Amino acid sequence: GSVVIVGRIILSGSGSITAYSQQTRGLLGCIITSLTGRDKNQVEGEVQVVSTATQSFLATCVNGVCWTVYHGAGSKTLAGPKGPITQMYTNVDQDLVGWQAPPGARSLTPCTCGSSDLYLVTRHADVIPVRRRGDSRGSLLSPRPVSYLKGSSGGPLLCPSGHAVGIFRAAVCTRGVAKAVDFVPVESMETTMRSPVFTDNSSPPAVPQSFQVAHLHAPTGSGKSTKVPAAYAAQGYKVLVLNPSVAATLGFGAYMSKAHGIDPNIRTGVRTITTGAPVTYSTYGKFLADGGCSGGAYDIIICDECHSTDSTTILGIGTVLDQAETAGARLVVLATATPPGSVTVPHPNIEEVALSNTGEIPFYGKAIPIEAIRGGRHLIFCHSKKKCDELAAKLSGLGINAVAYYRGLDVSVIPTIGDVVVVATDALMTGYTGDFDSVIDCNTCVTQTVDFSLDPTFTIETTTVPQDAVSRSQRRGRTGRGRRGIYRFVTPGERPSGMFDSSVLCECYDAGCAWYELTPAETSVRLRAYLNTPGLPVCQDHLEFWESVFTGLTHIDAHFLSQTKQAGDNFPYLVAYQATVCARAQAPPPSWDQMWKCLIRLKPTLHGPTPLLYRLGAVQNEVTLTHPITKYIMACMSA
């Protein structure tokens, strides 16, 4: 689907800065236009009201380029007269994207006066005075609730003369009140428009003399983890190769022994081998467990699957970026098949067939014909363990050799040879390396989001979301490996890649405390190195907030920490910490869900309201907001 112009904000060309909205399309015209990518409507004005099916925001024409926010548009095309217009610019680090404006259309020009008295144009066509405080910051003269500014991103920041100062990107807000605005400066778009549109990162970089951070954007079939380290090693270099998966790590070592005749050093929690070879294959977790970089150990560190937004990868890459120069490394290679802002393109070996309602197996509102899976090795992706169980049971009833695989299950469940239908969650890609005849994708995943809810503090909620380009690629990538494959899907609608939630940062401080004997200040240092490095997945800088939160979570119960860590669920430090305050109060947990099992044995001795620190799921008990830790966490929000 394309981004559709559904209206426009008309700015006054004389006197005071005033604006008015003019709708040009309704929901029907907007949906039709999104599907076709053809918009024959005359585009007028500098500020556009744009829409996707799920979202609405603004776009501004400055110097012939129609600009918007990456968070709203993603890598989507813009519906135009001749059909879909492809993005000319996509800068995930600045959250800015730009399409070539349909010829004739009016543009704003950059401001020359250097004024600090600014005017933000909203989707409501209101002109809000802003005082410039920095390069990308300006303070609202009168604070507005956050909800007032929703849908105004991509809107312009004007000077008194009506020229462009920047594009509205984010709201600087405390407890749901916006007091300042964050914007992309116009001079940044002027730099972008002056520079090369295409960049090359398909071939590995040559080893420089000074320390350097390089990007490697090559397909899974380029051997970023095999051919590339082998090649560097043949050149006589010390190489460390990091990956999120144990299975991937071991398998690449097993490949290098059989194929390239080198027996590498292997470092995983399960298996460690030390041969003294010039190549080491390690997981990010083992690398973090080991204490990260040790002096003069490696020349080149390859961070494979650097698009991965799991807390271990973020913390691992962050560690590499903070320590590598110091430990005498000359090159850091951020390698990935799917960099941020990626658009899934067809694969020559993979036939893609949309799932219809013609079939004997119900699957996500659609159907799977029994012929597509009867005989052969097939992988079906489900968003949850529940769905896996149901689907594998339905298939076993139909005489199909079906197996469910998810977190907490052994990889032996998957037969390595016979006819099989593997029904799995994303847990498969880090647990098993095998490939299949066909892949059936539900096109949905499960994500954790942080909500600064103030009931009393924050909430970490698990949500079902449409898959992004990375998810679609990793999943589809299970088939068509050096042979022909089939990929069947429920929907083609993908979400923008390269962005992650603040709850992922919270997981990094959690892991740092629970597993890596890292103080919140050490973790911040490591994540800062990741944040300040361009070309990696992006996130809101909540580093100081999370650091402050964890800094106060002192004197956790060691026994609860041990249990939560072993159970393997999300948040072992926060769960153990909430249990610690409960146990010490002889108070029951927020609920009796599996999350709070470490308290089951104490159940007959637990009474009263819960000293609630934060919300990690449903709270079925009465709560008390009087605990000093709750007051501490509340004080962290109001900074």
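All residue numbers are counted from 1 along the displayed sequence.
The deposited model assigns a higher average Cα B-factor to 224-232 than to the other stretch when 224-232 and 514-522 are compared.
Mean C-alpha B-factor is higher over 369-377 than over the other stretch, the pair under comparison being 369-377 and 328-336. The PDB entry gives the largest Cα B-factor of the residues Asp455, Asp569, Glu547, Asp389 to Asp389.
Going by the entry's values, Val411 shows the largest Cα B-factor out of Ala101, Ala171, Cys306, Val411. In the deposited entry, the Cα temperature factor of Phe198 places it in the middle third of its chain's modelled residues.
Sort the modelled residues of the chain by CA B factor and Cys30 lands in the middle third. Ranked by C-alpha B-factor against the other modelled residues of its chain, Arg478 falls in the highest third. In the deposited entry, the Cα temperature factor of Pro346 sits in the top third of values across the chain's modelled residues. Residue-level temperature factors show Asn63 in the lowest third of its chain, judged at the C-alpha atom.
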